[PDB]
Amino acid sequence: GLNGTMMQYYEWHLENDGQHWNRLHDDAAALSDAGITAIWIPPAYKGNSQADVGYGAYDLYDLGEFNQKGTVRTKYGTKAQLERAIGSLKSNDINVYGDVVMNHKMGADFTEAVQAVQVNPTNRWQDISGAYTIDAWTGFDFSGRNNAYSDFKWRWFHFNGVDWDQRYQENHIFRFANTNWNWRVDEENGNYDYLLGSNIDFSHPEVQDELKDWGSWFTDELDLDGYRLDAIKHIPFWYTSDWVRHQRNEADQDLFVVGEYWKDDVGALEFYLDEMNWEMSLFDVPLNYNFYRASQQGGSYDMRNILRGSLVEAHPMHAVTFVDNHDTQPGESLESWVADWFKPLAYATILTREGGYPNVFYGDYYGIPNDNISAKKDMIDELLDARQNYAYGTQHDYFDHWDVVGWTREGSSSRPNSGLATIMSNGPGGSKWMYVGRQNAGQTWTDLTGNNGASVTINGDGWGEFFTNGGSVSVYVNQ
């Protein structure tokens, strides 16, 4: 039972060469070795076009298998190549979590005439026009799949809103007259049901059942071990709960479930987790924003607050920790990018501490060429070494100075030579006496990261004095 580490295996600006599944296939053994235990794959199904990152969600039953939207393959490759990749993951002891997008659809085959009212963007409760007829992109027939797997077809009456009127060619937020916004949902802009595209109305039983059945079809087709659920703050809470329960029923395998409730507000997250009866984890979005505040502010940031307000502080067993993703990366919709100087500190925080299930971002591991962002594979690999081989046993925390902080793990007898001491500063360097466990007395610990040449000998009471340089992190272990 090595500590688990997941990886998001894509970034926004990946090349559209259709070879990503094959890359994943060939990378599997190396990822296992490095300490990755689970992979979050991008949406595997056909979006608006071939170059869709995956959130188009045109046809959930088309995994790069049918000629629809101007391509057989998705951006990532063919269904056959995806299944080959998954086999390779499975035989290297890596779990596969499928990205799941149920909030909306885009790329409809045809428009339909629809009575709609304009609502106020910042208050979707409030109409700002009378009902009139728009043309909405709501008709989905899936020509090319020809009823493989599912003969279900989507129509306007499965939706409650769009943001584009094709009749008079205008952007507005539209509620379909005589439909309701979903509920319960996040209450920013009054009701935050509507995000983009054609918004799915979960009030209809045909819909509830379709996404449950699609859910189970997908899980069985790819042999998934779990899911990331995107946009779950815009999807009615009762349905996400019903959906998750349904999948666990249908599936023989255990299913890990992580939801993205994108809010810088752990209370909002905790409520969601109340409503879900603690049947999934969430991404730790406030922590994302802690790291980003730190990155942006520089050393004046008080490092005692680095974990404060975070999901992982409060519910480590329900937290998926991360530094950045495809939406936080530069120029993206939720941009909150951790600069290179702070990034090792953030990664050490989520990889070497006992709480949270950490996620490594492909873009950090392999680089983001589009933006001249370097691959940080070596830095991350050392932290993975720390996590997999050394971050065990009782933990001691030292958030006791505004620049310099750290923590230790005493190791466990199950894992020989395990134990570690992390120290970092976001300002001038320094040192700190920290306890690593009386049982490690007399050992000599060195920095996995290479940022510090100090040798740290553990005293007879089990204390060492650990050193960090300025704007840096070190992780000392018994090598």
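Numbers for residues come from their place in the sequence shown, where the first is 1.
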query: Between 366 to 374 and 178 to 186 (mean CA B-factor, as deposited), the higher; finding: 178 to 186
query: Between the two ranges 349 to 357 and 118 to 126, the one averaging a larger CA B factor in the entry; finding: 118 to 126
query: Residue selected from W154, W337, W402, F142 by maximal Cα B factor; finding: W402
query: Out of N451, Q439, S425, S49, residue topping the C-alpha B-factor column of the entry; finding: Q439
query: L282 - which third its CA temperature factor falls in, relative to the rest of the chain; finding: middle
query: Chain third (lowest, middle, highest) by recorded CA B-factor, residue given as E332; finding: lowest
query: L2, C-alpha B-factor rank within chain (lowest, middle or highest third); finding: highest
query: Record-listed C-alpha B factor of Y192: chain third; finding: highest
query: Entry-reported Cα temperature factor of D385, expressed as the chain third it lands in; finding: middle
